[PDB]
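Below is one structure, written out as structure tokens; comments come after it.
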Amino acid sequence: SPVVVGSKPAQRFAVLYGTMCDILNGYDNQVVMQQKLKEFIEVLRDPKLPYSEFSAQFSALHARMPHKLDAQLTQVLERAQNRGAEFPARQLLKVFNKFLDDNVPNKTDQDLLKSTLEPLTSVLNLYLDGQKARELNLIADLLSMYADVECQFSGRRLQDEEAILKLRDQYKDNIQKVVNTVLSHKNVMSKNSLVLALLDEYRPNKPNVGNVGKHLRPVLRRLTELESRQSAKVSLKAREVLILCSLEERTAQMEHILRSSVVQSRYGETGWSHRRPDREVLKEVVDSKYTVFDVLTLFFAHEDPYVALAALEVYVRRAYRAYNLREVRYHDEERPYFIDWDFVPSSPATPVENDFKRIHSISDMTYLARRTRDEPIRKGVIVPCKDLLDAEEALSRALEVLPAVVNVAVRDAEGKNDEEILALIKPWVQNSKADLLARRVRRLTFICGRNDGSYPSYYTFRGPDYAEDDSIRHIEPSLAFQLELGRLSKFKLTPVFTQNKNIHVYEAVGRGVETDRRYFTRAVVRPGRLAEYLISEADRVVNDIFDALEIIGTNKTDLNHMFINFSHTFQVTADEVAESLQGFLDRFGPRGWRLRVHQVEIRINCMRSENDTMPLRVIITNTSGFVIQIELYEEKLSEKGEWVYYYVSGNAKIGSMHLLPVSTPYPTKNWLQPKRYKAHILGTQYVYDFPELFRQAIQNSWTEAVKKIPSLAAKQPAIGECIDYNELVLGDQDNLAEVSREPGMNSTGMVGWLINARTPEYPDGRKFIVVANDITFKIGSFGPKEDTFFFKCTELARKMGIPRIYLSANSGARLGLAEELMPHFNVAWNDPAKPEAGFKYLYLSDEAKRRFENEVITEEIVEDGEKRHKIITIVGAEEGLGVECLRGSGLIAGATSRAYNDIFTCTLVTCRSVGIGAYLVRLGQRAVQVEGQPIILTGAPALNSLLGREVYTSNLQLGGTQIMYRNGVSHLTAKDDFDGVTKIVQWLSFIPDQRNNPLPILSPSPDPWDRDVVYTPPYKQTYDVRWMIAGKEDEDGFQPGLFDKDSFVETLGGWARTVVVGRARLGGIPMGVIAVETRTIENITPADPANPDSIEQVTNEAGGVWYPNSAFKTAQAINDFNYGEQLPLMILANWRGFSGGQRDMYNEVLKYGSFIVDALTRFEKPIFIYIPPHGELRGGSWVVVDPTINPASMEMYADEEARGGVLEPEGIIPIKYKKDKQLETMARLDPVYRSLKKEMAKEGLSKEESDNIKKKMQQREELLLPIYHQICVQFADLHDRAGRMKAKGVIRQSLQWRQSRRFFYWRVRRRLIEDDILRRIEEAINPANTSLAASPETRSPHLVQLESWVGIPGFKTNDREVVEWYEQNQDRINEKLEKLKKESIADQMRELXXXXXXXXXXXX
């Protein structure tokens, strides 16, 4: 069949709209959605279509009514087709109205014409508006057609089509329409894909916010209400477009500004053309809030060569904003592009990290750190190319004006070239591999300008061969500082496609470990508005990321993060922003939770503080499945020249990440363990694992206490919350600061924590400091930073009063030499040919001398005619090589010595503790040693090398447990690192939470106070005195001691076991215990391997005697229970004197004996000396323990059946009851001896007769002598009896061992409280003993005042009655205190010529 010459595009337009009409109306016609849509857009844009639609219809209508009109219309069409392009639609309207409805007489006899020319009239009307407006007509029709059918299904509660059909019963015309609308809804899936493809095509609403945009504004707003699940996705897309409803008009705006820049008016002059572009006008574009890069890409292009220059200026000034300005030079060569700009503030600028003097690039976080004094400026070059092939000529010729950073623009938005464009830019860089290299340029960018508002694609080549870093893509090597990326350094990053060019998603996998697979998002937002704006801007950019993470998928990701940088300097403060944050996070949260996103970081600026920015970075983490991790920071520099994370958040400062650089490289997965490994090879836990060891130990302290003591158990604080620690790291002004940061990454070789542990004694909490060395951080050696640290912790624990715990694992002081001077120093020999012939000295070359000078003290002496700088002393730049470490070591040494005498001090040998470390163990006095860790002074191989022979092999052979516990350096032996902590937390249970705080007393509970002491020692043989303290575990039942069942903890019992020391509880009251071992113990000292003859020496320390080592043990213990611990004491005095044996005398027995007396005068808390049953206290022993030493705190008691005299009754008898004295008493009691005495006295008997009486008596006296001897022994023993002691007032009372417990419980408690009341009396009176009579009933002069305040008659006695009075009248004494406090104020103010000065001081 024949066809019309020009009807191809008309017929092709009428089918491509029809192939889309069938899908929207719900018919089966399914044809390729993307291709037929683009073909419809390509037939609405061609100027031939209006003519084509006319030529088809008019051909049949030529032979219609009055031809007069038919011919005149044809003339217009034919002329407009060749001459000019656009269709004369409006001319064709005018001619038809004039002839048809207007020329009623001739043209239209009757109203027939209207119907005939109707198809032509429906052509000149769709084109009257225009050709592109005809395109918009058939996109205000297909974007209304969808809404028309779908809205009813999302309509007035009708979600059912059948219910809808019954509702439709209303319209007659809807008879056919009922089914048509139902047919459409069924195939909505195909419809959604068509509308979405149409919404994406007209999405460049940003460029044209009028032609394609305003025309579509109302017919698109009728597409956001469709929230219904089916249309949900399409409604969201509609919203995107509306937000956009500028660049088309901006094309004009910027074009004008560039041209206005060129020729400055300055009316009254002929030639402004030559004048280069002016800042004032161009400034408007460069500093604008709007995106400029989005359109600018076409202006360097196809324009006047001068305008191309002006555009290049706009671009440079906008991007290199953070950078500095310096001479813009435009040269006009073959390619008029040549913009030569020169210039980085790097310290007070953008939040960056600067150490010493250094300046780095935006992308290159490592340029040249050395310094920027001997470094060039970075010469710029930006070229506008037209084609990709032609671009090469703007490279080889471009580079010639470079004696740095270079940018290259293009004009071919033809296609979205990827990989092929990368294969089209790489042949130009590999060819000029020496050309770009010679000029020393680091960065090269390639901008590709798209005309439909698509953000241009950037490709950057960096390094020596310029391998092209895939990291910087579709973004500028300037916008890059804002992208950071220097935080994902420990990750192999590879980016993935993003629909939005602002956002860049990166695949990150740990450099060491590949398991860690995370999607890190990096976005830079440019807020282009003309406080609620930024929070609404956050919703737009986070939604963009959520939709992009959707298409890439959640896949397999452990964690996901997204960074959103705000280029805006808005006036707000974080306090209100913290409330608005809460609002949108609960909505986005569930979506972010599916994508496996764990945290989000927002970096905003706040001009309102100064009217200068306060950059507030905020991290929101979804931890434990809970957020609440809303940490609001502040970008402030640490003084150290670095920008740190100073948070003033809302999660109550118990947060994470604090006072940390902005350059942290987001720690990966597993980075924690290799560190653990190096500690574990040494048999010690990694330092940061210890806080949790303590938690389990406290957890354990409760689980046992709840058993023994029920009821008082419910205050248990679960598994967690047992302890509440926070790290310690040196502050700004070297003043320790509480930080709650991630474990590991310690700044120094020492770490500390402030722990608030809820112990069962202090269930509300108790604090203490824990200091430990990182054995991984340089062998755990003691450098100056480590020393300054340790000190400031000691200082802190002291300030409070809370105990200190040191965990030792070190290698003495630090080691090093000057490494830098090793491959530079020269030698001056006696003879240069034979260097073995001795060397004169060591010198340094003049050129190598200037390199250091301050690192070496060099003297000048000319030898061989050379300027030789002989080294007279080496200094070295680095710290920790000599004396610097020793100075610090001595300081902390002193600090620990001072701390021991003030607060509770304790150390733990978790691993090898050498040199200084070893001493801090002793200065720490109270120490626990783990079975496989030595306290060594000098290295075991170092000793062998010095002696010349292999004597010692093990560091334990001289530092181990078998030495330090057996000599009293170690107080206890722990099987493992935890066992240590366990036994320590145990000591802590005996000690008050603070310094001058009441003891950790409990209810009588495991052992009641009102029980009699069952175990009584056998008088014949020896007994384990330990049984008298805690109790004797016997075959037949269990006989308890005078202290609580299972409460005793023995210490130092491996050295001088002749005295037993420990801590125990008396009816809940904890106190110090010292007792005398009765059994003959045998300590055997080991043989020294150093002297081969030295043998193991046998020493049998017979029980109940004081030896040099026993005395020292006694003395040490007294001071230990006195300083820090502050415990009451009980001494079961049972020594019968001292060993005056030569060896023991020479072994300075007397020196340590005095040390008991010294230690006793220093004590504050009450001390009880109780001689137990069978217990003895003769001569030398008594003296060093008598209450008159410290009558203020000592109290002495003796058992009813105890003994105490000047000497043993066996010793006194040959001095005061000699043989002659026994015979005078014999001739008195014995009847036989005095009868025989009557014979010799009367005489009258011969020489043989007198011999008889002599030989009769000296036989009778020989028989009576052994029993008469024992009589005097008993007689002498009656002197050393208890009754006598109470009678001469050397003891307070005679005590029955059975009811010792019962007496002391109340006497202990009575003295505890009384002592505190008296201390309080003095604190109020002045806010600043003398005889044998010094008895505790007269220990204080206030015990007279307190006596009358109480009102109890038997005050000095009836201990129980007294205690109970204080407890009741705690208010009445606080009444007396304040009375006296104001009375003492009156005395000091009255005591204050000096009156005339006071009458001047008052006037002031």
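Within each chain, counting starts at residue 1; across the structure tokens, chains are named A, B, ... in the order shown, with ligands numbered 1 upward in that order.
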Query - Which of stretch 790-888 of chain A fall in alpha helix (DSSP H), as an MDAnalysis selection string - result: chainID A and resid 790:800 846:849 883:888
Serialized selection, N, CA, C and O atoms, as a CSV table (one decimal), in the first residue's frame:
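That gives us out.csv:
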chain,number,residue,atom,x,y,z
A,790,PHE,N,53.2,6.9,86.5
A,790,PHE,CA,53.1,6.2,87.7
A,790,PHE,C,53.0,7.1,88.9
A,790,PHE,O,52.2,6.9,89.8
A,791,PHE,N,53.9,8.2,88.9
A,791,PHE,CA,53.9,9.1,90.0
A,791,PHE,C,52.5,9.8,90.1
A,791,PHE,O,51.9,9.6,91.2
A,792,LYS,N,52.0,10.4,89.1
A,792,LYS,CA,50.7,11.1,89.1
A,792,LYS,C,49.5,10.2,89.5
A,792,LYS,O,48.5,10.7,89.9
A,793,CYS,N,49.7,8.9,89.5
A,793,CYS,CA,48.7,7.9,89.9
A,793,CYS,C,48.9,7.8,91.4
A,793,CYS,O,47.9,7.8,92.1
A,794,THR,N,50.1,7.6,91.9
A,794,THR,CA,50.5,7.5,93.4
A,794,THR,C,49.9,8.7,94.0
A,794,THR,O,49.1,8.6,95.0
A,795,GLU,N,50.2,9.9,93.5
A,795,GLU,CA,49.8,11.2,93.9
A,795,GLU,C,48.2,11.3,94.0
A,795,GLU,O,47.7,11.9,95.0
A,796,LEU,N,47.5,10.6,93.1
A,796,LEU,CA,46.1,10.6,93.0
A,796,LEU,C,45.5,9.7,94.2
A,796,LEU,O,44.7,10.2,94.9
A,797,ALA,N,46.0,8.5,94.3
A,797,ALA,CA,45.5,7.5,95.3
A,797,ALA,C,45.8,8.1,96.7
A,797,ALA,O,45.0,7.8,97.6
A,798,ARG,N,46.9,8.9,96.9
A,798,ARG,CA,47.2,9.6,98.1
A,798,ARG,C,46.2,10.7,98.4
A,798,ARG,O,45.7,10.7,99.6
A,799,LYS,N,46.0,11.5,97.4
A,799,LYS,CA,45.0,12.6,97.5
A,799,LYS,C,43.7,12.2,98.0
A,799,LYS,O,43.1,12.8,98.9
A,800,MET,N,43.2,11.0,97.5
A,800,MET,CA,41.9,10.4,98.0
A,800,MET,C,42.1,9.8,99.4
A,800,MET,O,41.6,10.3,100.3
A,846,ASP,N,82.8,17.7,59.5
A,846,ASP,CA,82.2,19.0,59.6
A,846,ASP,C,80.7,19.1,59.0
A,846,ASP,O,79.9,19.6,59.7
A,847,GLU,N,80.5,18.4,57.9
A,847,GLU,CA,79.2,18.3,57.2
A,847,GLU,C,78.2,17.4,58.0
A,847,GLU,O,77.0,17.6,57.9
A,848,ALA,N,78.8,16.4,58.7
A,848,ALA,CA,78.0,15.5,59.6
A,848,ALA,C,77.8,16.1,61.0
A,848,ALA,O,77.0,15.7,61.7
A,849,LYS,N,78.7,17.1,61.3
A,849,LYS,CA,78.7,17.8,62.6
A,849,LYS,C,77.6,18.8,62.7
A,849,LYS,O,76.9,18.9,63.7
A,883,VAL,N,70.8,8.3,82.1
A,883,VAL,CA,70.4,9.0,83.3
A,883,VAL,C,68.9,9.5,83.4
A,883,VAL,O,68.4,9.5,84.5
A,884,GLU,N,68.3,9.9,82.2
A,884,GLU,CA,66.9,10.4,82.2
A,884,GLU,C,66.0,9.4,82.8
A,884,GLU,O,65.0,9.8,83.5
A,885,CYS,N,66.2,8.1,82.6
A,885,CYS,CA,65.4,7.0,83.1
A,885,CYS,C,65.6,6.8,84.6
A,885,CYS,O,64.7,6.6,85.3
A,886,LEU,N,66.9,6.9,85.1
A,886,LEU,CA,67.3,6.8,86.4
A,886,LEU,C,66.7,7.9,87.3
A,886,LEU,O,66.3,7.5,88.5
A,887,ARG,N,66.7,9.1,86.9
A,887,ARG,CA,66.1,10.3,87.5
A,887,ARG,C,64.6,10.0,87.8
A,887,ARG,O,64.2,10.1,89.0
A,888,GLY,N,63.9,9.6,86.8
A,888,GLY,CA,62.5,9.3,86.9
A,888,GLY,C,62.2,8.1,87.9
A,888,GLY,O,61.3,8.1,88.7
Report task. Mind the document's chain letters and residue numbers, and return as a PyMOL selection string the residues of stretch 568-751 of chain A that DSSP labels strand (DSSP E). Result -> chain A and resi 599-604+616-623+626-632+635-637+643-645+727-729+737-739+750-751
Query - atom CA of residue A:571 to atom CA of residue A:294, distance in Å rounded to a single decimal - result: 26.7 Å
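Atom to atom, atom CA of residue A:108 and atom CA of residue A:126 stand 24.5 Å apart.
One distance worth recording is that between atom CA of residue A:507 and atom CA of residue A:558, which is 12.1 Å.
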Report task. May I have the residues within 9 Å of residue A:1315 as a PyMOL selection string, using only C-alpha atoms and disregarding those fewer than 4 positions away in the same chain? Result -> chain A and resi 1165-1166+1193+1310-1311+1319-1320
Atoms kept (N, CA, C and O atoms) for selection, written as a PDB file, in the first residue's frame:
ATOM      1  N   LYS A1165      46.000   3.015 116.252  1.00  0.00           N
ATOM      2  CA  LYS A1165      44.888   2.136 116.574  1.00  0.00           C
ATOM      3  C   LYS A1165      45.173   1.304 117.838  1.00  0.00           C
ATOM      4  O   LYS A1165      46.328   1.023 118.123  1.00  0.00           O
ATOM      5  N   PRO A1166      44.138   0.812 118.548  1.00  0.00           N
ATOM      6  CA  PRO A1166      44.378  -0.031 119.743  1.00  0.00           C
ATOM      7  C   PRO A1166      45.150  -1.351 119.517  1.00  0.00           C
ATOM      8  O   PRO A1166      45.003  -2.029 118.497  1.00  0.00           O
ATOM      9  N   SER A1193      47.505   3.675 122.953  1.00  0.00           N
ATOM     10  CA  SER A1193      46.898   2.677 122.094  1.00  0.00           C
ATOM     11  C   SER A1193      47.118   1.249 122.632  1.00  0.00           C
ATOM     12  O   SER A1193      46.352   0.373 122.259  1.00  0.00           O
ATOM     13  N   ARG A1310      34.400  -0.967 121.871  1.00  0.00           N
ATOM     14  CA  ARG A1310      34.401   0.181 122.803  1.00  0.00           C
ATOM     15  C   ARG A1310      35.575   1.092 122.530  1.00  0.00           C
ATOM     16  O   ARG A1310      35.401   2.303 122.497  1.00  0.00           O
ATOM     17  N   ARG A1311      36.755   0.518 122.319  1.00  0.00           N
ATOM     18  CA  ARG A1311      37.919   1.332 122.063  1.00  0.00           C
ATOM     19  C   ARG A1311      37.850   1.959 120.685  1.00  0.00           C
ATOM     20  O   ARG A1311      38.197   3.122 120.561  1.00  0.00           O
ATOM     21  N   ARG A1319      39.194  11.622 119.260  1.00  0.00           N
ATOM     22  CA  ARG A1319      39.872  12.219 118.096  1.00  0.00           C
ATOM     23  C   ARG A1319      39.043  13.413 117.608  1.00  0.00           C
ATOM     24  O   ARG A1319      39.587  14.468 117.284  1.00  0.00           O
ATOM     25  N   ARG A1320      37.709  13.237 117.619  1.00  0.00           N
ATOM     26  CA  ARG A1320      36.715  14.221 117.221  1.00  0.00           C
ATOM     27  C   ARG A1320      36.682  15.353 118.237  1.00  0.00           C
ATOM     28  O   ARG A1320      36.491  16.502 117.834  1.00  0.00           O
TER      29      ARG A1320
END
Query - Residue contacts of stretch 198-207 of chain A (10 Å, only C-alpha atoms) excluding same-chain residues fewer than 5 positions away, as a PyMOL selection string - result: chain A and resi 33-34+37-38+41+136+139+142-143+192-193+212-214+216-217+220+234+237-238+240-251+294-295+451-454
How would the residues just picked look written out with N, CA and C atoms as a CSV table (one decimal), in the first residue's frame?
chain,number,residue,atom,x,y,z
A,33,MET,N,10.0,-1.7,28.3
A,33,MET,CA,9.8,-0.5,29.1
A,33,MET,C,10.8,0.6,29.0
A,34,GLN,N,12.1,0.3,28.9
A,34,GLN,CA,13.2,1.3,28.9
A,34,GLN,C,13.4,1.8,27.5
A,37,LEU,N,10.2,3.9,25.8
A,37,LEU,CA,10.1,5.2,26.5
A,37,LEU,C,11.1,6.2,26.0
A,38,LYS,N,12.4,5.8,25.8
A,38,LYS,CA,13.5,6.6,25.2
A,38,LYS,C,13.2,7.0,23.8
A,41,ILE,N,10.5,9.8,23.8
A,41,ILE,CA,11.2,11.0,24.2
A,41,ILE,C,12.0,11.6,23.0
A,136,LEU,N,6.0,17.9,27.1
A,136,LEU,CA,5.6,18.0,28.5
A,136,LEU,C,4.1,17.8,28.7
A,139,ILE,N,3.5,14.0,29.2
A,139,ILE,CA,4.2,13.6,30.5
A,139,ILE,C,3.5,14.4,31.7
A,142,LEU,N,0.4,11.1,31.2
A,142,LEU,CA,0.9,9.7,31.5
A,142,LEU,C,1.3,9.6,33.0
A,143,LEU,N,1.5,10.8,33.7
A,143,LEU,CA,1.9,10.9,35.1
A,143,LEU,C,0.7,11.4,36.0
A,192,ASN,N,4.1,0.4,37.6
A,192,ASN,CA,5.1,1.0,38.5
A,192,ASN,C,6.5,1.2,37.8
A,193,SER,N,6.9,0.1,37.0
A,193,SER,CA,8.2,0.2,36.3
A,193,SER,C,8.2,1.3,35.2
A,212,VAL,N,10.6,21.7,32.2
A,212,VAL,CA,10.1,20.3,32.5
A,212,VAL,C,9.6,20.2,33.9
A,213,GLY,N,10.0,21.1,34.8
A,213,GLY,CA,9.7,21.1,36.3
A,213,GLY,C,8.4,21.7,36.8
A,214,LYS,N,8.2,23.0,36.5
A,214,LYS,CA,7.0,23.7,37.0
A,214,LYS,C,5.7,23.1,36.3
A,216,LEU,N,5.3,20.1,35.4
A,216,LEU,CA,5.1,18.8,36.0
A,216,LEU,C,4.8,19.0,37.5
A,217,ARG,N,5.1,20.1,38.2
A,217,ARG,CA,4.9,20.4,39.7
A,217,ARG,C,3.5,19.9,40.2
A,220,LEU,N,2.6,16.0,39.5
A,220,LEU,CA,3.6,15.2,40.2
A,220,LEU,C,3.3,15.2,41.7
A,234,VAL,N,7.2,4.3,44.3
A,234,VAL,CA,7.0,5.3,43.3
A,234,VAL,C,6.7,6.7,44.0
A,237,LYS,N,10.0,8.3,45.1
A,237,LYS,CA,10.6,8.8,44.0
A,237,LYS,C,10.1,10.2,43.6
A,238,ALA,N,8.7,10.3,43.7
A,238,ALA,CA,8.0,11.5,43.4
A,238,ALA,C,8.5,12.6,44.3
A,240,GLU,N,11.4,12.9,45.8
A,240,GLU,CA,12.7,13.3,45.4
A,240,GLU,C,12.7,14.5,44.4
A,241,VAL,N,11.9,14.4,43.3
A,241,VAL,CA,11.7,15.3,42.3
A,241,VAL,C,11.2,16.7,42.8
A,242,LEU,N,10.2,16.7,43.7
A,242,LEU,CA,9.6,17.8,44.2
A,242,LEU,C,10.6,18.7,45.0
A,243,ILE,N,11.4,18.0,45.8
A,243,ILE,CA,12.4,18.7,46.6
A,243,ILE,C,13.3,19.5,45.7
A,244,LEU,N,13.6,19.0,44.5
A,244,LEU,CA,14.4,19.6,43.5
A,244,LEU,C,13.7,20.8,42.8
A,245,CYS,N,12.4,20.8,42.8
A,245,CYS,CA,11.6,21.9,42.2
A,245,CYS,C,11.5,23.1,43.2
A,246,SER,N,16.7,25.3,38.0
A,246,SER,CA,17.6,26.2,38.6
A,246,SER,C,18.9,26.3,37.8
A,247,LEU,N,19.5,25.2,37.4
A,247,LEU,CA,20.7,25.1,36.7
A,247,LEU,C,20.6,25.8,35.3
A,248,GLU,N,19.4,25.6,34.6
A,248,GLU,CA,19.2,26.1,33.3
A,248,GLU,C,19.3,27.7,33.4
A,249,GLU,N,18.6,28.2,34.4
A,249,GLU,CA,18.7,29.6,34.7
A,249,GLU,C,20.1,30.0,35.3
A,250,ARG,N,20.7,29.1,36.0
A,250,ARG,CA,22.0,29.3,36.5
A,250,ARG,C,23.0,29.4,35.4
A,251,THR,N,22.8,28.6,34.3
A,251,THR,CA,23.6,28.7,33.1
A,251,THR,C,23.7,30.1,32.7
A,294,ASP,N,28.7,21.8,39.3
A,294,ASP,CA,27.6,21.1,38.6
A,294,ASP,C,27.3,21.7,37.2
A,295,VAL,N,27.6,23.0,37.0
A,295,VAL,CA,27.4,23.7,35.7
A,295,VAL,C,28.7,24.1,35.1
A,451,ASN,N,25.9,18.0,31.0
A,451,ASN,CA,25.0,19.0,30.7
A,451,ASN,C,23.6,18.9,31.4
A,452,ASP,N,23.2,17.7,31.9
A,452,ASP,CA,21.9,17.6,32.6
A,452,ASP,C,21.9,17.6,34.1
A,453,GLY,N,22.9,18.4,34.6
A,453,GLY,CA,23.0,18.5,36.1
A,453,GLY,C,23.6,17.3,36.7
A,454,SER,N,24.2,16.4,36.0
A,454,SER,CA,24.9,15.2,36.5
A,454,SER,C,26.3,15.7,37.0
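Near residue A:867, within 9 Å and counting only C-alpha atoms, sit residues 845, 846, 860 and 861 of chain A, not including residues fewer than 6 positions from it in the same chain.
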Same residues, N, CA, C and O atoms, saved as a compact mmCIF listing (two decimals), in the first residue's frame:
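And here's again_19.txt as it stands now:
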# COMPACT_ATOMS: atom_id res chain seq x y z
N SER A 845 82.78 14.41 60.89
CA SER A 845 82.99 15.24 59.69
C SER A 845 82.20 16.52 59.84
O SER A 845 81.08 16.47 60.33
N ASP A 846 82.78 17.68 59.46
CA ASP A 846 82.17 19.01 59.57
C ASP A 846 80.73 19.05 59.02
O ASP A 846 79.86 19.64 59.65
N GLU A 860 86.73 21.04 68.52
CA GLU A 860 87.48 21.14 67.28
C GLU A 860 88.99 21.04 67.52
O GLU A 860 89.55 21.81 68.32
N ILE A 861 89.64 20.08 66.84
CA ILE A 861 91.09 19.85 66.88
C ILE A 861 91.55 19.40 65.47
O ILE A 861 91.10 18.38 64.96
Spatial neighbours of residue A:672, max dist 10 Å, only C-alpha atoms, sep filter under 3 positions, as a PDB file with N, CA, C and O atoms, in the first residue's frame:
ATOM      1  N   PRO A 667      40.187   1.122  64.315  1.00  0.00           N
ATOM      2  CA  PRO A 667      40.743  -0.224  64.557  1.00  0.00           C
ATOM      3  C   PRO A 667      39.880  -1.340  63.993  1.00  0.00           C
ATOM      4  O   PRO A 667      38.661  -1.353  64.188  1.00  0.00           O
ATOM      5  N   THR A 668      40.527  -2.260  63.266  1.00  0.00           N
ATOM      6  CA  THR A 668      39.901  -3.395  62.589  1.00  0.00           C
ATOM      7  C   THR A 668      39.426  -4.460  63.598  1.00  0.00           C
ATOM      8  O   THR A 668      39.220  -4.186  64.790  1.00  0.00           O
ATOM      9  N   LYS A 669      39.256  -5.678  63.086  1.00  0.00           N
ATOM     10  CA  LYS A 669      38.903  -6.862  63.837  1.00  0.00           C
ATOM     11  C   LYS A 669      40.178  -7.689  64.083  1.00  0.00           C
ATOM     12  O   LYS A 669      40.962  -7.881  63.142  1.00  0.00           O
ATOM     13  N   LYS A 675      49.103  -8.697  70.396  1.00  0.00           N
ATOM     14  CA  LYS A 675      49.576  -8.006  71.602  1.00  0.00           C
ATOM     15  C   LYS A 675      49.507  -8.985  72.790  1.00  0.00           C
ATOM     16  O   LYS A 675      50.502  -9.185  73.497  1.00  0.00           O
ATOM     17  N   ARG A 676      48.338  -9.639  72.959  1.00  0.00           N
ATOM     18  CA  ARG A 676      48.054 -10.628  74.001  1.00  0.00           C
ATOM     19  C   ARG A 676      49.083 -11.730  73.965  1.00  0.00           C
ATOM     20  O   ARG A 676      49.580 -12.147  75.009  1.00  0.00           O
ATOM     21  N   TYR A 677      49.435 -12.163  72.748  1.00  0.00           N
ATOM     22  CA  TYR A 677      50.371 -13.233  72.498  1.00  0.00           C
ATOM     23  C   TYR A 677      51.742 -12.991  73.088  1.00  0.00           C
ATOM     24  O   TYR A 677      52.296 -13.880  73.733  1.00  0.00           O
ATOM     25  N   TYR A 686      47.740 -10.016  79.261  1.00  0.00           N
ATOM     26  CA  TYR A 686      47.891  -8.715  78.635  1.00  0.00           C
ATOM     27  C   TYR A 686      47.222  -7.740  79.541  1.00  0.00           C
ATOM     28  O   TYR A 686      46.105  -7.969  79.998  1.00  0.00           O
ATOM     29  N   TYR A 688      45.516  -5.037  79.625  1.00  0.00           N
ATOM     30  CA  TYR A 688      44.121  -4.597  79.540  1.00  0.00           C
ATOM     31  C   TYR A 688      43.083  -5.700  79.841  1.00  0.00           C
ATOM     32  O   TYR A 688      41.883  -5.419  79.879  1.00  0.00           O
ATOM     33  N   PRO A 743      40.036  -0.633  75.041  1.00  0.00           N
ATOM     34  CA  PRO A 743      41.245  -1.282  75.582  1.00  0.00           C
ATOM     35  C   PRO A 743      42.366  -1.354  74.541  1.00  0.00           C
ATOM     36  O   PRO A 743      42.087  -1.442  73.345  1.00  0.00           O
ATOM     37  N   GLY A 744      43.614  -1.316  75.009  1.00  0.00           N
ATOM     38  CA  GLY A 744      44.804  -1.319  74.166  1.00  0.00           C
ATOM     39  C   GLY A 744      45.122   0.085  73.716  1.00  0.00           C
ATOM     40  O   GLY A 744      44.521   1.048  74.217  1.00  0.00           O
ATOM     41  N   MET A 745      46.051   0.215  72.744  1.00  0.00           N
ATOM     42  CA  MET A 745      46.483   1.477  72.116  1.00  0.00           C
ATOM     43  C   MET A 745      47.001   2.507  73.156  1.00  0.00           C
ATOM     44  O   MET A 745      46.871   3.720  72.957  1.00  0.00           O
TER      45      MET A 745
END
Query raised in the report: Near residue A:1066, counting only C-alpha atoms, which residues have an atom at most 12 Å away, once you skip same-chain residues fewer than 6 positions from it, shown as a VMD selection string?
Result: chain A and resid 990 1000 to 1011 1013 1029 to 1030 1041 to 1048 1072 to 1073 1128 to 1130 1300 to 1309
Query raised in the report: Smallest atom-to-atom distance to residue A:603: which of A:502, A:350, A:843, A:45, using only C-alpha atoms?
Result: A:350
